[PDB]
Amino acid sequence: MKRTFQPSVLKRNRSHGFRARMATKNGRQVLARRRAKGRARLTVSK
Amino acid sequence: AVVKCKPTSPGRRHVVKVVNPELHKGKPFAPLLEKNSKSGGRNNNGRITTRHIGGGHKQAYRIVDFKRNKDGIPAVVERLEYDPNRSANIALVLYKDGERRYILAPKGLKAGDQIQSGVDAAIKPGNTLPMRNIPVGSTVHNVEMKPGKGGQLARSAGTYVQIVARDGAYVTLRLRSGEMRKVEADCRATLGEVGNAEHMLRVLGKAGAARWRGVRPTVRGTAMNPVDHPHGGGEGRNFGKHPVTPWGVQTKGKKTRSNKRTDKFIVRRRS
RNA sequence: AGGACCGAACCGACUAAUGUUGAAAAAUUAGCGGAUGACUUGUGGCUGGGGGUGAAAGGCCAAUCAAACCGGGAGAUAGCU
RNA sequence: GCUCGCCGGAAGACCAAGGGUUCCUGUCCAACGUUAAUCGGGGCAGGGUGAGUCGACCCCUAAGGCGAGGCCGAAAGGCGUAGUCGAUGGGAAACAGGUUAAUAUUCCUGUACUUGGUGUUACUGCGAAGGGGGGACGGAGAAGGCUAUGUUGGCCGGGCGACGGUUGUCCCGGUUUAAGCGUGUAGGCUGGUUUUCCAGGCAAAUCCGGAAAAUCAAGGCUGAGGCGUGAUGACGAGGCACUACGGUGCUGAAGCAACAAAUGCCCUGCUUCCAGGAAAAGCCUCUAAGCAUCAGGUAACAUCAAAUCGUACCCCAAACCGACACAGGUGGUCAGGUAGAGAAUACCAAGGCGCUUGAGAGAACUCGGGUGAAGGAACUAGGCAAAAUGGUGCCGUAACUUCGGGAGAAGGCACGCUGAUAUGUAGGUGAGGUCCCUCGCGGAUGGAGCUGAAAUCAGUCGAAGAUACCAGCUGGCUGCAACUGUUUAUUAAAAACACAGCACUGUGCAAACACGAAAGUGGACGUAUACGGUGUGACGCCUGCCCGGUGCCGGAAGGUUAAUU
RNA sequence: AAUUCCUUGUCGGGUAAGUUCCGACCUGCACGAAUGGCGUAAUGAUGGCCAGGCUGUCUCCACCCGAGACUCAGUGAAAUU
């Protein structure tokens, strides 16, 4: 049975990558929230 | 010529084809071709704005000359070609100076015929003149709504308009819909009629033929649920309401023309 | 020639049995339908929640859908246990 | 190590995606492994990924994204021009052999190729953000010519048999060789060359397009394979000195022909059809502004450069997605033998495996199968399940019908092996020879050799010859839907949805309509033989009466009637 | 009748016996003409009914071949309370 998660690095970066987050005002707020919480990994870049 | 397919299998029993041997059996003129990407009825927002559009065969756009402003230079018809972008056929014409162009094919135009445009052009089918110089009561096609803008009326397979009267700077025309409309007596028109009259006699014969044209299936609306369509549902087949579009308009006689900007060029709207 | 015929790959899921703290949060075995087409498949792209998409079942939208998920208003309110 | 069993259109081999050291060596057995474990994809340490030619990067663009100004919007922000990004597509070049415990078209040996920089020499009109050509494109079908590959013969090496026979029409193995360079064949396409002229290609043009003359028929382009060279080489079954019996130097015979033959190549071809089949750059040409004893351009030779990143290993799976070492899911490439129409099926090759608890016993009962006296649907909601039919050729085949069908209707007969016709026939393939020639990969004749159905007659074995696997049950009446299709992923596949056809109605183009506070976009680069909405649902015969009610479309006198005054 | 309550309507066909099925009748509880009426060849993993063949479906079960169940060694769960 085909499952929901079908990995693809290119699609992963284009959807949730660091540059994708910085491209919009709402995306930049996601980074601000995560930085405030002290997340070690800000995004899924690597 | 209309040809009826033999019933060798279901889906071919009711097929009626329109076969025209005069059409060119080769590739079109490359310099007058352009890319034409399908849209699926979706606008720049990505939303479906026109339903029942999608799929179909790949097509290339042919640059057709709807203005016919190359006055005073005779041209000769080279061949007739099949145009997937319209119901009518098109003709490739070569001018005396060596330029080639595409035009709508009139009724009785064939390879080797000579055409011309301008004020002094002869009154023959395929010739384009300002409607001021065209005798009243004649049949024309590819009519311009404004001078120099390009033909916009009577461009379909076997359509045409008739010049009824010419009082001043305007000419009264009888459109295929029966409307009596008047336009400036400086708009160009082409003598004759668009020649594909047999186009309306074809029978697709099966569902797949419609899909080849890029038409997607239509769901009635009485077969949906109330949340989807005003015609809604019910236990069985009820339909106890006045017919109405999606979004709630009567669409059984209600008029929707609310332009009022011109409302002066119309005389005998129709019927 | 054909939304033509028989039939593998491939795409489906009509019947029965098994399984039901399963090998598997829908599968296995034996049969079964389509199989040049309104076919099928890889990669990328677009449509966002009273909105999308829907050959139309209230179907589907990340094992969740007669209004997704996450955070917030929020210790909503509960003449009821 | 010897046997046995299983897969073999994979359960073999090579990749992408994804994972990220799982790869090799040494060492260890607590935990992990559904048991033990000396073993492991486990612990610990060390080692391993070598490129001008493979891929990425790079040049070019598709859908689409972003978007200087701009237009629009309470703010946030939306759309979009010039532009700039974006492969799943286009764009230069490497092959064979050898080698490591683990990498190789990357290292080594041999032999090649591509694009740039610089320099010398000779001859020279060079020049683009512009013009033209080219790149450049669909479905289906049909053959013909080929190769991969296989079979047999010949050749070379070895063998003479654990039990009757086996020096022969006997048995086993091998019989391999690339890119590149030269040749330009089967075959495909196109009439060439010269001169003059012109409202076209935003200006120009010797280029493209157009027009008018003259002169010739052979010009050019494309093109699988074959042959030659590459190769006096490499490889090579097996021997022979070393041989920690783990393995290395040297040496190494034959290395041909015929036949069969692809889903691969010629073929981006040819024929045909309607639903009419990307873009841009590299590349080839044309000139403009400019530069002309310069700079640039073509050719030869020499020289230099081709960086950077990926390269281990798994990849139908124990390493990816499923919480598991999970009977699930996962795109591309390779395609041997016998039988067979076949990539079905059975047994095998190369290769890979026996699926990580076993040992006994031979109760009920459950699961998966085999057989069955007499009866044969009496079972049951229902022939559920099971049994049965099953291939090829020939004969033969009803009602009804839209004349296509129904139809493989139904039903019947023949199928093995051996010999002969014919020491292997019809057919296919085609050597030598002869002759011709524009003397070439040519043409005609010629028939050796090779391959090889089908049929008839006669004989013969068994209970049974389409013997296994494989492989339609058939017929009669009737409801519904015309039909192929679509649907509740995970209890409903249907009479439900679509459907071609039909009708009503809206819509004159800045169309109706739809998404949007708006700009704008779809409709459509369409124009009433068009587009939207609604109902009906092939086809045939047809579709009657009612406008009081509700809606819709017109009407113009009168009554009533908002802001405002 | 995919529509009929009374109802297994009445008559005929098929069966030794037919609330289903097929053909007629018309008292249509409560059919009817594009939310279409009546026919219709072909088609259907579609609903109902009847035959031939076939059989462990059954009368009525018997035996046999395998995997569990049972015993030994190792590992070692669950709902519930």
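Side chains are part of it too, since the values below use all heavy atoms of this structure and drop only hydrogens, waters and symmetry mates. Letters go in sequence order (proteins before strands), and every chain restarts at 1.
Using a 4.0 Å heavy-atom distance criterion, B/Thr50 is classed as a base contact. At the heavy-atom level, B/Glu81 lies nowhere under 4.0 Å from the strands shown. At a threshold of 4.0 angstrom between heavy atoms, the contacts of B/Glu179 include nucleobase atoms, whether or not backbone atoms are also involved. At a threshold of 4.0 angstrom between heavy atoms, the contacts of A/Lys11 are confined to the sugar-phosphate backbone, with no base atom among them. Here B/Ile63 lies out of heavy-atom contact (under 4.0 Å) with every strand.
Note that the CD1 atom of B/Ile53 and the CD1 atom of B/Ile48 stand 9.5 Å from one another [nearest 0.5 Å]. Within the model, atoms OG of B/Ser87 and CE of B/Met200 stand 12.0 Å from one another, a figure rounded to the nearest 0.5 Å.
A heavy atom closer than 4.0 Å to some atom of RNA chain E occurs in no member of residues 124-140 of chain B.
Rounded to the nearest Å, the gap between the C1' atom of D/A498 and that of D/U505 is 23 Å. Across D/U177 and D/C435, the matching P atoms stand 40 Å from one another, rounded to whole Å. Separation of the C1' atoms belonging to D/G297 and D/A122 is 14 Å when rounded to the nearest angstrom. C/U47 and D/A496 have their P atoms separated by 38 Å, given to the nearest Å. Look at the P atom in both D/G522 and D/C85: the space between them is 26 Å, to the nearest Å. The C1' atoms of D/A218 and D/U190 are separated by 13 Å, rounded to the nearest whole Å. Atom name P, nucleotides D/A74 and D/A129: the rounded distance is 45 Å, in whole Å. On the P atoms, D/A258 is 11 Å away from D/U147, given to the nearest whole Å.
The aromatic ring of B/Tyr95 does not stack onto the base of D/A199, failing the criterion of a centre distance under 5.5 Å from the six-membered base ring together with planes under 30° apart. In this structure, A/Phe5 does not count as stacked on the base of D/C321 under the 5.5 Å centre distance and 30° plane angle limits.
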Practice item. If a protein heavy atom is under 4.0 Å from the base, mark B; if only from the sugar-phosphate, S; if neither, -; do that for nucleotides 59-75 of chain D going 5' to 3'. Key: ---SS------------

**Study point:** Per-nucleotide protein contact string for nucleotides 33-41 of chain E, where B marks a base within reach and S marks sugar-phosphate only (heavy atoms under 4.0 Å, - for neither)
**Key:** --BS-----

Point to revise | Base-contact (B) and sugar-phosphate-only (S) positions in nucleotides 48-59 of chain C, heavy-atom cut-off under 4.0 Å, - elsewhere | key: SS-SSSBBBSB-

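Looking at B/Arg257 and B/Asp263, a side-chain N of the basic residue comes within less than 4.0 Å of a carboxylate O on the acidic one, giving a salt bridge. B/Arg174 has no carboxylate O lying under 4.0 Å from a charged side-chain N of B/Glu179, or vice versa, which leaves the two without a salt bridge.
The side chain to side chain contact (heavy atoms under 4.5 Å, CB included) test applied to B/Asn36 returns B/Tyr61, B/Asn85, not counting sequence neighbours. Under the side chain to side chain donor-acceptor pair (under 3.5 Å) criterion, B/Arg202 pairs with no residue, sequence neighbours left out. Every residue two or more places apart in sequence or in another chain that forms a salt bridge (charged side-chain N to carboxylate O under 4.0 Å, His left out) with B/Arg188 is listed here: B/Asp71. For B/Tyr170, the side chain to side chain donor-acceptor pair (under 3.5 Å) test picks out no residue, with sequence neighbours left out.
In this model, no side-chain donor or acceptor of B/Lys252 finds a partner on the base of D/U505 within 3.5 Å.
Contacts classified as salt bridge (charged side-chain N to carboxylate O under 4.0 Å, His left out) and involving residues 136-148 of chain B (residues at least two apart or in different chains) are not found.
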Show the atom names and distances, to 0.1 Å, of all donor-acceptor pairs under 3.5 Å that link a side chain in residues 37-46 of chain A to residues at least two apart or in another chain.
residue: A/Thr43; atom: OG1; partner: A/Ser45; partner atom: N; Å: 3.4
residue: A/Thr43; atom: OG1; partner: A/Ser45; partner atom: OG; Å: 3.0
residue: A/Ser45; atom: OG; partner: A/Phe18; partner atom: N; Å: 3.4

Give the table of side-chain donor-acceptor pairs shorter than 3.5 Å for residues 14-23 of chain B, with sequence neighbours excluded, one pair per line with atom names and distance.
residue: B/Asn20; atom: OD1; partner: B/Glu22; partner atom: N; Å: 3.1

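Residues B/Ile123, B/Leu129, B/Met131, B/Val140, B/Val143, B/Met145, B/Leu153, B/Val161, B/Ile163, B/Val171, B/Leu173, B/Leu175, B/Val183, B/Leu191 make up the rest of the hydrophobic cluster containing B/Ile134, defined by ILVMFWY side-chain heavy atoms closer than 4.5 Å, directly or through other members.
If you check D/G5 for Watson-Crick or wobble pairing at under 3.5 angstrom, you find it paired to D/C353. Base pairing of D/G432 is not made with any nucleotide, judged by Watson-Crick or G-U wobble geometry with both donor-acceptor distances under 3.5 Å.
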